[PDB]
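All remarks here apply to the structure that follows.
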Amino acid sequence: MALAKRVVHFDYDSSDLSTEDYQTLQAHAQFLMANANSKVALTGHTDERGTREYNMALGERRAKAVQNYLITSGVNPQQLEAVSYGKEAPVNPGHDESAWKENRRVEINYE
Ligand SMILES: N[C@H](CCC[C@H](N)C(=O)O)C(=O)O
């Protein structure tokens, strides 16, 4: 079940991971260590609030926060990619809170 989750979320202007996101990440860490040839692309995103520049950096910190946890957990840095899309690729349009909660995220994409 933990492995079924391919996205973790963040609070406003934060790159801190929640206790729930950590459970998810531990599952992927174990899978990646057992599958040394599996590779993952981590994409960081933000909600539409703020400049494009500000959010590109925030998205990058989010992706790297996830990357660093996996690495600390034992995942080979070679199996990981960390990139930011800033506020350019929201999953939910509309300009409201709930929607922004969905957009503050890092997606885990297996190659
Ligand atoms: N200092 C920025 C924070 C934006 C945070 C939001 N884009 C997020 O995705 O967490 C502002 O005044 O909008």
Side-chain angles (χ1 to χ4, degrees):
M1 198 78 271
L3 265 192
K5 282 296 182 183
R6 178 189 66 64
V7 60
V8 291
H9 302 85
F10 304 84
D11 296 310
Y12 176 86
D13 211 6
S14 178
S15 53
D16 293 346
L17 288 165
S18 277
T19 56
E20 202 174 14
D21 299 325
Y22 280 124
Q23 202 73 46
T24 294
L25 291 190
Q26 175 171 291
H28 289 276
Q30 297 176 55
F31 185 78
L32 286 171
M33 283 190 278
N35 294 73
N37 285 308
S38 292
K39 292 177 66 188
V40 164
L42 305 171
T43 60
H45 310 267
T46 71
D47 61 42
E48 55 181 341
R49 293 177 289 186
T51 65
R52 270 83 193 305
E53 156 194 289
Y54 188 90
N55 286 307
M56 282 299 309
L58 172 55
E60 188 84 309
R61 291 196 293 290
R62 280 168 173 159
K64 288 181 175 183
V66 172
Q67 177 178 66
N68 293 328
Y69 165 84
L70 295 173
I71 292 175
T72 298
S73 295
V75 178
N76 190 144
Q78 297 172 166
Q79 306 179 77
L80 308 173
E81 298 187 14
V83 298
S84 174
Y85 278 85
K87 60 176 185 170
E88 303 315 309
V91 291
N92 182 161
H95 309 178
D96 55 289
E97 297 173 358
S98 63
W100 300 330
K101 180 174 180 177
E102 292 184 53
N103 301 328
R104 294 191 294 281
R105 71 191 193 295
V106 163
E107 310 197 326
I108 305 172
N109 307 301
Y110 280 80
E111 299 190 10

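Just so you know, residue 1 is the first one in the sequence shown, and it goes up from there.
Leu42 is listed as a side-chain neighbour of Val40, based on a closest heavy-atom distance under 4.5 Å. The shortest distance between side-chain heavy atoms of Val91 and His45 does not fall below 4.5 Å. Residues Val106 and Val7 are not in side-chain contact: their nearest non-hydrogen atoms beyond the backbone lie 4.5 Å or more apart. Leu80 has its side chain within reach of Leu70: a pair of non-hydrogen atoms, C-beta onward, lies under 4.5 Å apart.
Remark: the backbone N or O of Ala36 is not paired with any side-chain donor or acceptor of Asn76 at under 3.5 angstrom. A donor-acceptor pair is defined here as one N or O able to donate and one able to accept, closer than 3.5 Å; no such pair exists between the side chain of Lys87 and the backbone of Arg49. Between the side chain of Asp21 and the backbone N or O of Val8 there is no donor-acceptor pair closer than 3.5 Å.
Shown here is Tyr69, whose OH atom has more than 12 heavy atoms of other residues, nucleotides or ligands within 6.0 Å. Crowding of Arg52 atom CZ: a count of heavy atoms from other residues, nucleotides or ligands under 6.0 Å not exceeding 12. In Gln78, the CD atom is not crowded: 12 or fewer heavy atoms of neighbouring residues, nucleotides or ligands sit closer than 6.0 Å. Heavy-atom neighbours of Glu88 CD from other residues, nucleotides or ligands within 6.0 Å: above the threshold of 12.
Of all heavy-atom pairs between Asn109 and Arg6, the closest is OD1-NH1, 3.3 Å. The minimum heavy-atom distance between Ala82 and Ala63, with the atom names listed, is CB-CB, 4.0 Å. Minimum heavy-atom separation, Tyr85 to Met56: C-SD, 3.7 Å. The two residues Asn55 and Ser84 make their nearest non-hydrogen contact at O-OG, 4.0 Å. Closest of all the heavy-atom pairs between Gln79 and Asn35 is OE1-O, 3.2 Å. Contact detail for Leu17 and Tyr22: the closest heavy-atom pair is O-CE1, 3.2 Å.
With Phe10 as the partner, the side chain to side chain contact (heavy atoms under 4.5 Å, CB included) test is satisfied by one option alone out of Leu58, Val66, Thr46: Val66.
For the atom pair OG of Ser98 and CG of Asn92, the computed distance is 6.5 Å after rounding to the nearest 0.5 Å.
Under the 4.0 Å criterion applied to side-chain N and carboxylate O atoms, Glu60 and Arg62 are not assigned as salt-bridge partners.
Taking the side-chain contact (heavy atoms from CB on, under 4.5 Å) definition, one finds that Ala57 meets it with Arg61, sequence neighbours left out.
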For a quick test of your reading: what N or O donor-acceptor pairs under 3.5 Å do the side chains of residues 24-31 make, sequence neighbours left out?
from, atom 1, to, atom 2, distance (Å)
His28, ND1, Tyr110, OH, 2.8
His28, NE2, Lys5, O, 2.7
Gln30, NE2, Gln26, O, 3.4

| field | Derivation and outcome, side-chain contact (heavy atoms from CB on, under 4.5 Å), residues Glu81 and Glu111 | value | CA-CA 10 Å; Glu81 298 187 14; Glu111 299 190 10; 2.6 Å; yes
